[PDB]
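Encoded as structure tokens, the structure appears first; notes follow it.
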Amino acid sequence: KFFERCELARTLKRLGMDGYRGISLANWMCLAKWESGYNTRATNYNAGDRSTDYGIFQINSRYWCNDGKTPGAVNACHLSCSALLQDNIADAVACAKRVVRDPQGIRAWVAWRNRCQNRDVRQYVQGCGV
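The opening position of the sequence shown corresponds to residue 1 in mature numbering (1 follows the signal peptide of the UniProt record, and there is no 0), with each subsequent residue numbered one higher.
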């Protein structure tokens with residue numbers, strides 16, 4: 001499913017993302033926007049290392065979820081990567097939270113550094129009631 005902006009903002013807020021480990025909701029929105037355009041079914045195969053990015057946050061199969069076809073991969077969120085392809089983003093949010101508990105925090109995603117870090121992200125939550 002492709003979420004509408006504010007619909008996603010409140011969906012994320014209800015899931016406990018607002019300020020999670022110091023990360024504002026607008027930051028998560030910016031992340032999902034640039035990672036998948038708010039598309040829960042987004043997938044990107046990385047032919048270079050044989051891994052695949054799954055869902056709204058484009059979480060990688062090498063370390064976070066298990067798809068059974070990524071060489072020497074681990075599964076830190078302890079989830080089938082299929083769980084990251086659901087319209088319901090609860091499992092994807094649980095995994096995104098797992099990612100940010102690591103030292104890098106939100107910096108785990110290169111796209112966040114490229115398109116959200118030190119950017120005016122207010123636009124993502126304006127008028128959403130969050």
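C-beta: ideal position from N, C-alpha, C; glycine also.
Requested in this report: Write down the C-beta distance between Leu31 and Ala111 rounded to the nearest angstrom, noting that I regard them as a contact closer than 8 Å.
Outcome: The residue given as residue 31 occupies position 31 in the sequence shown. The residue given as residue 111 occupies position 111 in the sequence shown. Correct: roughly 7 Å between the Cβ atoms.
Query raised in the report: Which partner residues of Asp53 appear in the DSSP bridge assignment?
Result: For this step, residue 53 is matched to residue 53 along the sequence shown. BP columns for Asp53 point to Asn44 and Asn60.
Query raised in the report: For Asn88, which of helix, strand or coil comes out of DSSP?
Result: In the sequence shown, residue 88 corresponds to position 88, counting from 1. The answer is coil: DSSP assigns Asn88 none of H, G, I, E or B.
Query - C-beta contact flag for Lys69 and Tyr20 at 8 Å - result: Residue 69 sits at position 69 when you count from the first residue of the sequence shown. Residue 20 sits at position 20 when you count from the first residue of the sequence shown. Contact flag unset, no.
Query raised in the report: According to DSSP, is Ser80 helix, strand or coil?
Result: In the sequence shown, counting from the first residue as 1, residue 80 sits at position 80. It is a strand residue.
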